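In the form deposited without ligand XM0, a lone chain appears below as structure tokens.
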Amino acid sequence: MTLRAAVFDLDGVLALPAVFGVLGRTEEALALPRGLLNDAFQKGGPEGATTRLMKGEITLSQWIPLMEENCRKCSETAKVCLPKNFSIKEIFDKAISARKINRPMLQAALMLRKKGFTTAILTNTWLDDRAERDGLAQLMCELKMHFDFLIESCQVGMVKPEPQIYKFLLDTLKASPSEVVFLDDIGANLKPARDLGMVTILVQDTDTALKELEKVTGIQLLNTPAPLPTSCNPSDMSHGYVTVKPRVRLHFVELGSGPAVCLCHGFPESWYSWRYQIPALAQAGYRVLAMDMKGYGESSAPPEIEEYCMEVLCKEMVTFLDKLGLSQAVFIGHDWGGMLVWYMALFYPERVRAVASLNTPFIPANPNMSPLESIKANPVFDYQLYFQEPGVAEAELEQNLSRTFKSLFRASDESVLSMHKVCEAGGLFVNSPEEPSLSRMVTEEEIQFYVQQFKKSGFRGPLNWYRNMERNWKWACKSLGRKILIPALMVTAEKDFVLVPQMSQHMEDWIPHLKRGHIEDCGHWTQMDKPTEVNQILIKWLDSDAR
């Protein structure tokens, strides 16, 4: 009163259904004396097998037989048989995976952390060495990244409801009994909290629990809006660096395990533009590698225009796989990244497990008509022309990097950048403000992140991507006999007024088994505009087509 810390039980609070509640169904299922299992589990109390397990004295595999023993003699003093195929191991395997994250609680945890609460899990638990231990390990990873602390009984050598562990909790939280909330499904584990003077909640059904927590903290926790996906903190990410050419080195951030997925951002962005997708796809069972594309961030940024034609760009990505020892990867790209991704499927399909683009359609080059012509053809591409002259587009873009991104990164219903008559107007920003408002799509902090990156090498490199029209076209014409017959998803964005969804309308001709996806009310900056639906669409497709 008032609080600034929130502590969560695992079994039956952050994870449901609890293992003790499978313990119980088992009895009913097999017509066992009510509580037989539980008798054998709690057996010996503080000096028995189960407690030793929770303190890390012995392992779960070690405990299994001691439990089965106790079940014998619990069922001896009760005078009853034991079923043909009785396995404490099978019962506990089922229970342990049956248990999933309790989403609303986790969200509640997130909320409170977001408003500056120190969050911690206090959980009686064991050193798991069963052959199927990896599942609980996954669970525990997913959770722990969202908390300041994961205090586990077997790691600390103390157990709930033993006071020592609470003194240790307070100790770890650098906070006082009256500044802390502790929720648990077990009254016994609450009484101690109380005696130090802690706010406590007996977590029965989750919704009432949240009601108490809501009240006593004064923050809306129930019924609050759909929260964004998890976003990366750059300094907590694995940063990878692969040189692919004497003086070109590509950097990327990597997270997760399973089939390699290579994310490729558009102009003028950064691996950070995939912050919402990195955790989600990792969590869905993949190994995300989010690029700094050539010209950006910590990836190299050589001046020469040719060093950014699609061909050299693509060979380089091949090399990238080569040097990481990856025979393939599923390639997902957006804006410029999309185009490349398609051209990877067209030229190196043996290396592409699957291809995917957000917004960017696949258009075949017109062998007759040039591309400078084809671009002047549609007025909404005028900005492309303005970018041709080395040095002009950079001067403007670099002059106030904050202004620039603040001006670029806006939701469909927010715009400040018309894209037509830019050459004539004489600037991308000729008639946009010096200090633009902050979009709904990005915290001030997220903008500053991009500003830092772009101080490294400016816009020369990025703008060169637009400066190989004639070359890319010539190269592209080599592929005019081919089709894309590998798994490909196309993902159009209703309100992207430059990569318009109609531009993809014939893509099936060259990509006949193409699968589509589409986002209402979503602008050009797909990833940060609609991160949830992007994750849903992509994860879905990955699972269906990348296995």
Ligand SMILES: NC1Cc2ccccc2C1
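The first residue of the shown sequence is 1; numbering continues from there.
Keep in mind that the form deposited with ligand XM0 bound is missing from the display, and what follows is about it.
The single contact residue among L136, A476, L170, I151, judged by any heavy atom lying within 4.5 Å of ligand XM0 in the deposited complex, is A476. Checking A301, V199, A260, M310 for any heavy atom within 4.5 Å of ligand XM0 in the deposited complex turns up a single hit: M310.
Contact with ligand XM0 in the deposited complex, defined as a heavy atom within 4.5 Å, is made by all three of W336, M339 and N472. The stretch that touches ligand XM0 in the deposited complex, counting heavy atoms within 4.5 Å, is 339-347, out of 83-91, 443-451, 339-347, 279-287.
By the criterion of a heavy atom within 4.5 Å, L112 is excluded from the residues contacting ligand XM0 in the deposited complex. Contact annotation: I165 falls outside 4.5 Å of ligand XM0 in the deposited complex, judged by heavy atom distances.
Taking the partner from elsewhere, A365 is found to have a heavy atom lying within 4.5 Å of ligand XM0 in the deposited complex.
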